[PDB]
Amino acid sequence: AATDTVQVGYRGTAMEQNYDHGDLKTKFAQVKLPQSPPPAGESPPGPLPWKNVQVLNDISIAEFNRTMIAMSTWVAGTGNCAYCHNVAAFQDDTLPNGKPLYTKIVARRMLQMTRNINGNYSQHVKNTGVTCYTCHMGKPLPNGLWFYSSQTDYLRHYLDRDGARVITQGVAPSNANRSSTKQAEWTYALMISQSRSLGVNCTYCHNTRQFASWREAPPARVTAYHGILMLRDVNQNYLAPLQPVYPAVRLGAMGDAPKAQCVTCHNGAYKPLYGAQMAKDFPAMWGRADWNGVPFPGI
Amino acid sequence: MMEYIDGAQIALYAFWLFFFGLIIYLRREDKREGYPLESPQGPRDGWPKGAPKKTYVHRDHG
Amino acid sequence: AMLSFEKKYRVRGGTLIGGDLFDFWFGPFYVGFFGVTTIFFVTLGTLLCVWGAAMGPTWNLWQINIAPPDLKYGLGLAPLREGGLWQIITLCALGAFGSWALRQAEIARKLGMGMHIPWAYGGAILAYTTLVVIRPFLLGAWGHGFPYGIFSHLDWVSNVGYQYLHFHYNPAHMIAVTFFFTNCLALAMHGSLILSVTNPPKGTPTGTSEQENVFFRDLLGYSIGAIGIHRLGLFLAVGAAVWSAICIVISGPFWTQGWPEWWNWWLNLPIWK
Amino acid sequence: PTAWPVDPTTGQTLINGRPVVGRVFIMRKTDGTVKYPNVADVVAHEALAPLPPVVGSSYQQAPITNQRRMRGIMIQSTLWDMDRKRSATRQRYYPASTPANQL
Amino acid sequence: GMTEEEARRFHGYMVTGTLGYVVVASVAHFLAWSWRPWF
Amino acid sequence: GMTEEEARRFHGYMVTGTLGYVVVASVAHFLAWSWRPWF
Amino acid sequence: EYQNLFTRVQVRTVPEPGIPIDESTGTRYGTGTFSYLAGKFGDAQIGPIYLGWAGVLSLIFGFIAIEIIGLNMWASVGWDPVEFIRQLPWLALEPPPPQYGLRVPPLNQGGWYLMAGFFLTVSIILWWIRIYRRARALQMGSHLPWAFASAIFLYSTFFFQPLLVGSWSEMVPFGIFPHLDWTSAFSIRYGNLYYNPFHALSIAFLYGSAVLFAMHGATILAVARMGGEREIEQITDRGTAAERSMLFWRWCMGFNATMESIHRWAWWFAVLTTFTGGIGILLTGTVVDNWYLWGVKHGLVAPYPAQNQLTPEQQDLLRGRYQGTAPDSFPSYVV
Amino acid sequence: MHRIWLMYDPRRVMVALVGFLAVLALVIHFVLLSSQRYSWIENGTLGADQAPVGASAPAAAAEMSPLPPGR
Amino acid sequence: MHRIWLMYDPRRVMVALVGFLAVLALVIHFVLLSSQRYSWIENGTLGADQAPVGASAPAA
Amino acid sequence: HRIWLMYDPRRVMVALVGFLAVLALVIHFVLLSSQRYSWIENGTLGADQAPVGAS
Ligand SMILES: CCCCCCCCCCCCCC(=O)OC[C@H](COP(=O)(O)OCC(O)COP(=O)(O)OC[C@@H](COC(=O)CCCCCCCCCCCCC)OC(=O)CCCCCCCCCCCCC)OC(=O)CCCCCCCCCCCCC
Ligand code: BCL
Ligand code: BCL
Ligand SMILES: CC[C@H]1c2cc3[nH]c4c(c3C)C(=O)[C@H](C(=O)OC)c4c3nc(cc4[nH]c(cc(n2)[C@@H]1C)c(C(C)=O)c4C)[C@@H](C)[C@@H]3CCC(=O)OC/C=C(\C)CCC[C@H](C)CCC[C@H](C)CCCC(C)C
Ligand SMILES: CC[C@H]1c2cc3[nH]c4c(c3C)C(=O)[C@H](C(=O)OC)c4c3nc(cc4[nH]c(cc(n2)[C@@H]1C)c(C(C)=O)c4C)[C@@H](C)[C@@H]3CCC(=O)OC/C=C(\C)CCC[C@H](C)CCC[C@H](C)CCCC(C)C
Ligand SMILES: *[C@H]1O[C@H](CO)[C@@H](O[C@@H]2O[C@@H](C)[C@H](O)[C@@H](O)[C@H]2O)[C@H](O)[C@@H]1O[C@H]1O[C@H](C(=O)O)[C@@H](O[C@H]2O[C@H](CO)[C@@H](O)[C@H](O)[C@H]2NC(C)=O)[C@H](OC(C)=O)[C@H]1OC(C)=O
Ligand SMILES: *[C@H]1O[C@H](CO)[C@@H](O[C@@H]2O[C@@H](C)[C@H](O)[C@@H](O)[C@H]2O)[C@H](O)[C@@H]1O[C@H]1O[C@H](C(=O)O)[C@@H](O[C@H]2O[C@H](CO)[C@@H](O)[C@H](O)[C@H]2NC(C)=O)[C@H](OC(C)=O)[C@H]1OC(C)=O
Ligand SMILES: COC(C)(C)C/C=C/C(C)=C/C=C/C(C=O)=C/C=C/C(C)=C/C=C/C=C(C)/C=C/C=C(\C)CC/C=C(C)/C=C/C=C(\C)C(=O)O
Ligand SMILES: COC(C)(C)C/C=C/C(C)=C/C=C/C(C=O)=C/C=C/C(C)=C/C=C/C=C(C)/C=C/C=C(\C)CC/C=C(C)/C=C/C=C(\C)C(=O)O
Ligand SMILES: COC(C)(C)C/C=C/C(C)=C/C=C/C(C)=C/C=C/C(C)=C/C=C\C=C(C)\C=C\C=C(C)\C=C\C=C(C)\C=C\CC(C)(C)OC
Ligand SMILES: [Fe+3]
């Protein structure tokens with residue numbers, strides 16, 4: 001029944017995070033115990049034999065096989081190469097029946113997406129980075145999948161919408177800001193969702209005496225903003241265009257593809273996997289010329 | 001145009017002038033009983049001076 | 001000075017501690033032993049507040065801010081610049097508010113009155129003691145208290161509220177707010193009724209308890225009576241402070257999620273789960 | 001100019017050309033706080049003012065099955081994210097509705 | 001109050017009821033311990 | 001109003017009840033010690 | 001020591017008051033009755049009510065307002081009577097969309113809202129008239145209707161401030177949790193209402209109303225054994241209960257009211273709660289759009305050390321947009 | 001020792017005793033039912049070796065923290 | 001033992017007992033109904049081997 | 001001891017039994033909250049297995 005607290009702002013401002021100590025320990029142990037361990041890695045010479053490899057062109061043959069073992073355990077359970085492949089012919093993108101191996105052609109896109117996350121959105125994911133495990137956590141479906149439902153659904157802030165500001169940056173009313181109180185309710189609903197997605201409260205990113213202030217806010221607010229821009233790219237360019245690839249059992253009632261949100265990576269924790277650093281161990285997924293000064297072992 | 005003075009500041013001082021006027025009124029009312037004060041130096045009123053003691057007329061019944 | 005009827009009442013007796021030694025008046029004020037301790041804690045606490053202002057960035061009355069320590073100090077006294085001054089002032093404030101209540105008991109005893117006023121004030125002391133002692137102690141750090149500053153404590157209230165995402169959904173807070181609003185309504189009704197029978201239109205006799213009971217009866221549908229409205233006013237005003245203390249002590253020590261998700265129990269009653 | 005010059009022959013601080021006995025520290029008010037000068041100064045530290053809203057030229061209705069029958073703006077976070085009851089979830093949207101001669 | 005005779009007669013029932021109850025609780029703990037011991 | 005004879009009679013039970021309680025408590029502590037010492 | 005907190009001996013009278021004081025036009029409705037439970041805490045008589053023309057019309061207009069709200073709430077759960085009770089505190093009748101401004105909106109998109117608001121407002125005004133007429137008929141001062149006018153003033157600012165900013169969308173939704181959602185979002189939209197000085201004043205009088213009623217309630221109970229609850233006779237014919245009440249507060253805090261004038265302190269504290277409140281609402285969005293920045297300008301805002309510092313390229317990158325319209329399409333992303 | 005009862009109404013003693021036992025019993029049951037090991041309505045059919053036991057230690061990777069960073 | 005009905009009014013003990021049994025019965029039924037193992041309205045037709053069980057220790 | 005004359009035994013009997021009950025419950029809940037003595041969950045651990053606060 002003890003409560004852990006973390007101070008995140010100045011003395012006396014009550015910018016604090018509170019956790020039920022028992023509840024947090026069970027959540028944390030529930031991550032530790034399943035956390036999948038990595039293979040060791042090794043450094044051969046020699047030219048690449050692959051017949052139909054289009055993304056992983058740039059890694060050694062040993063690093064490639066090491067990556068496939070990781071992908072199996074992170075998405076399908078360990079050694080489950082049959083989840084993606086016609087195991088008699090790994091280069092195939094179709095079954096013997098000619099029907100396409102939809103998971104393999106999705107997984108090729110998910111590699112490009114992961115490289116794009118780890119490369120272009122380092123202002124968000126920094127040197128923790130993401131792997132397939134971050135979303136999938138050992139299962140084919142991540143958490144927090146969402147579909148079209150209503151026009152005013154706030155999760156469209158992570159796809160095709162842009163503005164969320166409502167506060168005036170001046171004393172007097174002006175034509176610059178004609179925001180409705182209903183729009184402030186909409187931002188408030190959106191912000192509760194982000195708070196729950198991380199398991200934090202509003203004071204993690206704001207001094208609530210002025211929500212619009214960046215100077216009074218913790219630096220996490222700047223990281224959070226880059227998370228919005230990242231999700232828009234992830235949803236608009238990688239997840240949403242996979243609509244013709246999935247079986248109709250995966251699609252939404254509008255026939256749209258499942259889309260991601262903050263909770264998909266974070267799963268109610270302030271960092272994904274409480275900050276477990278795995279991307280550093282898998283250069284196939286860096287999308288980056290060095291990871292924290294460790295250079296990419298390219299061929 | 002006036003940069004510093006604005007309508008919220010004006011309205012606030014209008015309220016303060018009214019409110020201090022009200023406190024004076026209420027303190028005059030508070031002094032209808034027990035005043036003027038007895039003291040070794042003779043009678044004392046404080047400030048503001050109290051309103052006079054008030055007589056009440058009862059009814060002739062029915 | 002004295003009210004024209006006062007001198008007759010100024011007897012010795014009714015003290016709790018000091019006996020006759022402090023049993024005297026200073027102008028209008030009764031002193032007593034707890035009068036002495038009051039002025040000690042008031043003066044010390046005030047001058048330390050002025051020292052806090054002096055070593056802070058401004059003398060502007062609204063902006064003065066004496067903040068509690070960082071949470072890392074736990075239940076220890078921090079360095080005085082770092083929040084220890086807030087901790088000393090908090091001890092003075094407790095000493096002053098306690099002394100004030102016990103002085104009121106000496107005054108009530110000397111006048112042969114019931115002890116209602118000291119205890120009604122205990123409801124406010126309870127709420128203060130909850131904010132600066134009980135809730136910080138259950139959270140394990142004095143740094144959870146509110147800062148002493150006319151607007152900086154409103155920044156604390158704001159941030160504590162949003163620590164639970166939507167504090168309006170706190171169920172004890174809804175009760176406390178209902179008491180505060182009902183109290184202000186009841187105060188306006190009681191004030192209006194007494195003034196309306198004692199100040200009727202010119203050329204009208206002074207009213208009676210019967211008229212105010214008749215008016216009150218067709219306002220609420222029942223007549224509360226003279227003792228009843230004072231019992232109700234005391235119940236509502238003190239009950240608001242007690243439910244306020246409950247609403248803040250449950251926030252953090254006993255509940256940590258957002259308040260809107262507390263209402264999940266209501267959605268899951270088995271008649272309609 | 002963040003610290004006063006030091007005498008190399010002693011390590012002693014020189015203020016305005018003359019020594020001080022003691023360890024010099026730069027004085028500051030509690031935690032280095034400084035009162036806010038102006039609105040313009042507070043705003044100068046913030047981001048630039050938000051860009052204008054994107055507003056659509058004209059409105060097309062969603063299908064009736066995509067229209068919410070609860071118009072309260074926060075309901076998705078305050079109720080629906082915890083409420084999983086199947087009947088209540090079905091009540092959230094208007095049912096399909098079709099001119100009889102199209103059936 | 002009550003005569004010494006009645007306080008003695010009452011004490012006999014209270015002692016006997018207490019001990020009978022503690023016996024039944026002893027069996028309940030014997031059964032619980034057989035099913036899932038706590039030390 | 002207690003007599004010092006009532007006191008002497010009561011004090012015999014009070015002292016021995018205290019001894020009984022202390023006996024049971026100190027057995028309880030030695031069992032707890034043998035299971036999980038705190039020094 | 002008897003606390004006088006509840007009545008151990010009630011007395012009945014077989015004939016009764018409740019037949020009013022001489023009152024002229026209108027009718028006394030029902031026969032008086034006693035509740036033993038009411039008699040424990042207060043006076044036991046639960047009894048006849050007066051309406052007249054203004055009271056009857058107020059109930060008709062008000063009932064329609066309540067029906068419109070409830071029927072819309074019940075329609076919003078698809079007429080499900082179980083979900084109507086289960087979800088009741090989350091249900092609302094919601095104001096019109098912002099793009100209409102002050103124009104009449106569609107019936108299901110705020111038209112019912114404006115109708116319910118209209119009939120509620122008329123019902124409140126007719127109730128004020130009913131109270132005003134009753135105070136004069138009983139030959140009383142007009143203190144109560146003017147106290148009630150202060151509450152009506154604050155209520156009316158939930159119409160006039162939306163009118164002044166130019167949109168019915170800004171009005172308060174009818175609903176238990178939904179109107180609290182509005183209350184929070186209003187403070188958010190206008191940049192933290194704690195820095196509105198009339199809001200601060202309104203709180204000072206709301207708290208002061210609790211301080212006064214706690215003090216006055218306790219004071220009268222403390223002298224009730226000496227007849228201090230017979231307040232009208234203590235005003236016209238001062239007894240020792242009044243004298244002791246004056247001396248307690250004089251000896252405690254150095255000054256005192258009278259048995260009459262404490263009710264004026266009471267009346268003004270309650271009335272000023274809603275009067276200062278209404279002024280603060282009317283100023284919001286019309287004169288001041290960000291109360292925190294008004295606080296900075298007028299020196300209200302205590303300084304804290306910076307928690308983050310932006311670079312100039314971050315200052316351009318981190319500006320957002322003002323929130324716009326919702327997407328009125330379901331895009332395909334396939335090419 | 002029976003003279004203890006001379007001070008008391010025996011009917012009221014019994015009502016006091018039954019109320020004490022009823023509260024104590026319900027407290028102990030609800031404590032156990034809220035545990036992991038003795039949550040017997042869900043897990044009562046587990047054998048004694050299969051039943052939960054509290055952790056003799058937690059564990060972590062070195063870069064992980066259950067709590068966010070902050071002063 | 002029947003002499004307790006001179007010490008206590010049977011009329012009032014009976015009412016108290018009926019009330020106590022009703023409350024205790026409803027509490028236990030709803031505790032079971034809210035569980036996984038004994039959600040008998042949804043899963044009552046499952047065999048005892050098929051019914052849910054609360055998670056065991058990992059034995060590691 | 002004439003302390004039973006300065007103090008009524010019945011007053012002191014109930015007062016002590018109350019104090020002992022409050023003290024016993026405080027100590028049980030303190031131990032039940034600890035790591036080392038949360039005996040309902042971990043009571044079957046051997047003394048070598050039970051947790052210890054860090055050096
Ligand atoms: C926003 C919503 C607000 C919501 C809250 C609003 C609260 C409103 C209530 C509080 C204010 C009323 C207080 C009061 O009336 O006390 C009685 C006192 C004197 O009583 P008296 O009967 O008229 O005279 C007695 C005298 O003739 C014989 O007495 P004696 O010989 O025994 O002793 C000598 C006197 C000398 O007087 C003083 O020392 C005055 C002390 C300070 C008076 C108040 C100054 C302003 C407030 C405090 C500022 C300093 C505060 C640090 O000794 C005494 O009488 C001492 C007894 C009175 C003690 C009063 C303490 C009041 C503390 C109020 C704290 C307010 C905090 C905000 O009265 C006065 O001195 C004059 C008061 C005049 C009304 C105040 C409003 C004036 C508005 C401005 C008008 C223009 C300038 C006057
Ligand atoms: C009836 C008057 C006496 C009494 C008189 C006797 C006599 C005489 C005998 C016992 C015997 C026994 N009693 Mg005894 N006993 C009483 C109260 C108790 C209480 C109690 C909670 O108050 C308990 C736990 C016991 C327990 C016991 C056992 C330890 C023992 C073996 C029989 C058995 O298993 O009985 C189980 C019973 C219970 C757990 C509860 C008590 C039930 C009621 C009160 C009846 C007790 C009489 C007994 C069953 C008679 C046996 C038949 C013989 C022909 C005498 N008695 C009352 C106060 N009891 C026998 C013994 O010592 O053998 C070693 C024996 O000869
Ligand atoms: C995040 C939330 C915001 C906030 C947002 C607002 C907003 C927005 C408002 C207030 C208002 C008030 N706030 Mg604020 N408030 C916050 C924090 C606080 C805190 C605190 C400890 O933090 C406190 C104590 C207060 C206190 C107060 C009051 C002083 C004030 C209302 C006075 C009153 O009597 O209203 C209650 C009285 C009424 C509403 C009058 C009603 C009278 C009518 C006639 C009754 C009709 C009944 C009818 C017949 C029946 C209808 C039946 C139904 C139709 C079924 N606020 C923060 C900063 N607050 C109001 C104000 O005045 O602001 C300046 C206001 O509008
Ligand atoms: C319990 C119901 C309500 C209540 C009742 C109540 N208050 C009471 C009484 C009663 C019945 C009294 O008898 C008593 C009295 O005598 O009134 C005149 C009192 C009183 N209520 C007071 C105020 C007050 N009550 C409040 C609240 C309430 N009081 C409740 C809502 C509030 C709020 C909500 O803000 C305030 C400000 C005083 C006027 C008075 C108590 C006077 C007293 O204790 O005097 C001795 C002490 C001093 C004169 C000064 C002490 C200075 C300190 C040593 C240093 C400062 C420390 C402080 C914490 C700093 C805070 C800074 C702020 C900006 C945050
Ligand atoms: C000074 C500020 C405070 C204040 C004061 C105040 N309020 C007041 C008054 C005063 C002095 C009154 O005299 C007045 C009153 O009547 O009090 C009992 C009122 C009042 N304050 C009210 C509420 C209220 N006050 C609040 C607040 C405040 N009131 C402030 C704190 C709040 C809050 C905090 O939100 C509320 C909700 C009301 C109880 C009352 C005004 C009642 C009124 O206007 O009612 C209008 C009628 C209806 C809504 C319709 C009811 C419908 C029936 C249920 C239908 C039944 C069927 C019917 C019979 C059919 C018709 C058939 C015909 C043929 C008969
Ligand atoms: C699934 O289908 C794809 C079709 O693209 C096959 O991919 C082939 O091999 C790749 C390396 C190459 O890049 C690609 O262009 C393509 O040549 C994949 O191997 C899977 O094959 C099975 O289904 C094929 C299909 O298209 O239905 C089928 O191929 C058919 O068409 C080719 C001519 O394009 C013809 O040679 C086959 O005889 C014909 N067969 C049938 C049953 O229709 C494959 O058939 C054969 C013999 O390979 C299927 O694979 C098997 C083991 O039967
Ligand atoms: C469906 O249409 C709506 C309405 O345009 C889009 O929502 C817009 O964007 C949001 C930021 C905002 O919240 C909302 O108010 C509204 O402004 C929604 O995202 C969907 O977009 C797709 O369809 C758009 C459409 O208007 O039909 C289309 O827009 C482009 O094409 C139309 C002609 O078909 C032309 O009139 C527009 O000027 C043009 N606009 C742009 C910016 O290109 C979108 O196309 C593009 C590239 O945005 C559609 O979006 C996608 C990904 O297909
Ligand atoms: C965090 O730790 C946690 C989890 C909380 C764990 C720790 C818990 C702790 C600290 C628990 C402490 C427990 C405790 C401590 O003392 C418990 C003490 C319990 C006690 C004293 C029980 C006593 C029971 C006595 C009974 C049942 C007596 C019944 C009497 C009867 C039946 C006789 C009736 C006869 C009559 C009426 C006469 C009729 C005949 C007539 C008329 C005739 O013949 O005429
Ligand atoms: C955070 O720190 C933490 C973790 C909390 C740690 C710190 C803990 C601390 C500081 C603990 C302190 C403990 C303490 C200090 O002294 C504890 C003191 C304990 C004591 C004194 C216990 C005494 C018990 C005595 C008992 C039970 C007596 C029973 C008597 C009986 C049965 C017979 C009664 C007489 C009768 C019936 C008369 C009949 C005849 C009659 C009537 C006639 O004949 O008339
Ligand atoms: C069959 O009967 C049933 C069962 C349905 C009856 C049951 C009904 C139920 C369950 C009703 C429940 C009602 C509830 C829970 C209501 C909650 C209400 C709350 C909490 C309201 C809170 C605040 C509302 C405010 C402040 C609203 C203010 C509105 C105003 C001031 C509107 C004014 C509008 C005007 C003057 C309109 C004028 C009309 C014109 C044409 C001029 O348009 C502007
Ligand atoms: Fe009164």
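What the entry reports as its method is cryo-EM, with 2.44 Å given for the resolution.

(A) Structural detail: the coordination of the iron ion (ligand 11). Only C:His190 (NE2), C:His230 (NE2), G:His216 (NE2), G:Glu231 (OE), G:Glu231 (OE) and G:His263 (NE2) from the protein coordinate the iron ion (ligand 11), and they sit 2.1 to 2.4 Å from it. Angles of 58 to 170° at the metal separate the six donor atoms of the iron ion (ligand 11), which places the site in the irregular class. With C:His230 in helix α7 (residues 226-250) and G:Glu231 in helix α8 (residues 231-236), the pair connects residues from two separate chains. With respect to burial, C:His230 and G:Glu231 carry one shared label: buried.

(B) Geometry of the pairing of strand β1 (residues 3-7) of chain A. Residues and elements named next belong to chain A. Among the five residues that make up β1, four are buried, leaving the element largely enclosed by the rest of the structure. Both β1 and strand β2 (residues 16-20) contribute to a ladder of five bridges, which runs antiparallel. Across the sheet, residue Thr-5 finds its bridge partner in β2, namely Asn-18.

(C) Main features of the site of ligand 9. Within the structure, ligand 9 sits among 13 residues, and F:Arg9, F:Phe10, F:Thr18, H:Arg3 and J:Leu23 are positioned closest to it. Of the chains in the model, those with residues near ligand 9 are chains F, H and J. Taking F:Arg9, its side chain carries an N or O atom lying 2.7 Å from an oxygen atom of ligand 9. Contact with the protein chains covers 55% of the free accessible surface of ligand 9, which is 1100 Å². It is helix α1 (residues 4-35) of chain F that contributes the most residues to the shell around ligand 9, six residues altogether. Class assignment for the residues of the shell around ligand 9 results in nine nonpolar, two polar and two charged.

(D) Region of interest: a nonpolar patch on the surface. On the surface, F:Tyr21, J:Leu16, J:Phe19, J:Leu20, J:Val22, J:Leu23, J:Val26, J:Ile27, J:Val30 and J:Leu31 cluster together into a nonpolar patch covering about 880 Å² of accessible area. If you tally residues by element for the nonpolar patch, the top one is helix α2 (residues 9-33) of chain J, at nine residues. Note that J:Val26 resides in helix α2.

(E) Spotlight on the site of ligand 4. As a structural note, the neighbourhood of ligand 4 is formed by 28 residues, with C:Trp100, C:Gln104, C:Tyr121, G:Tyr207 and G:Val211 the closest of them. Taken together, the residues near ligand 4 originate from chains C and G. Taking C:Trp100, its side chain carries an N or O atom lying 2.9 Å from an oxygen atom of ligand 4. The separation between an oxygen atom of ligand 4 and a polar side-chain atom of C:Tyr121 is 2.8 Å. Within the complex, the protein chains bury 70% of what would otherwise be the 1300 Å² of accessible surface of ligand 4. Elements that contribute at least two residues to the shell around ligand 4 include exactly α1 (32-54), α2 (84-110), α3 (116-139) and α7 of chain C together with α7 (197-223) and α9 (240-253) of chain G. Sort the elements by how many residues they give to the shell around ligand 4 and α3(C) lands first, with six residues. Tallied by class, the residues present in the shell around ligand 4 amount to 23 nonpolar, five polar and no charged.

(F) Structural view of the interface of chain H and chain I. On the chain I side, the residues contacting the 13 residues of chain H number 13 residues. Both sides of the chain H and chain I interface together cover about 1100 Å² of buried area, and 65% of this is carbon and sulfur. It is H:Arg11, H:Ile41 and H:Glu42 in chain H that bury the most area against chain I; as a group they hold 52% of the surface buried on that side. For the interface between chain H and chain I, the tally reads zero salt bridges. Where chain H meets chain I, there are six residue pairs in polar contact. For the side of chain H that touches chain I, the secondary structure elements donating two or more residues are α1 (10-34) and α2 (40-43) of chain H. Among the elements that take part in the side of chain H that touches chain I, α1(H) stands out by supplying five residues, more than any other. Split into classes, the residues belonging to the side of chain H that touches chain I amount to eight nonpolar, three polar and two charged.

(G) Fine view of the interface of chain G and chain C. The partner chain C presents 91 residues to the 94 residues of chain G that form the contact. Buried surface at the junction of chain G and chain C, summed over both partners, amounts to about 8500 Å²; 69% is from carbon and sulfur atoms. Of all residues in chain G, the largest losses of buried area upon contact with chain C belong to G:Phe213, G:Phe248 and G:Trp251, amounting jointly to 11% of the total for that side. Note that G:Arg250 and C:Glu6 form a salt bridge whose closest N and O atoms lie 4.0 Å from each other. By residue number, the principal contributor to the side of chain G that touches chain C is α7(G), which donates 14 residues.

Cut-offs used in this document
- Residues numbered from 1 in each chain as written, not as in the entry; some residues may be left out.
- Chains lettered and ligands numbered in written order.
- Part of a larger assembly, values for the part shown.
- Heavy atoms only, no water.
- Donors = N, O, S within 2.8 Å, 3.2 Å for Na, K, Ca; no water.
- Tetrahedral: all angles 85-135°; square planar, octahedral: opposite > 155°, others 65-115°.
- Helix = DSSP H or I, 4+ residues; strand = E, 2+ residues; numbered from the N terminus.
- Buried < 20%, exposed > 50% of the residue type's maximum accessible area, 1.4 Å probe, protein only.
- Pairing = 2+ DSSP bridges.
- Near = heavy atom within 4 Å.
- Polar contact = N/O pair within 3.5 Å; in protein donor to acceptor, adjacent residues only side chain to side chain.
- Areas by Shrake-Rupley, 256 points an atom, 1.4 Å probe, with all protein chains shown as cover.
- Nonpolar A, V, L, I, M, F, W, Y, C, P; charged D, E, K, R; others polar.
- Patch = residues over 30% accessible without salt bridge, like charges linked within 9 Å, V, L, I, M, F, W, Y side chains within 5 Å.
- Salt bridge = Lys/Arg side-chain N within 4 Å of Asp/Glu carboxyl O.
- Contact = heavy atoms within 4.5 Å.
- Buried area = accessible area lost by both parts, 1.4 Å probe.

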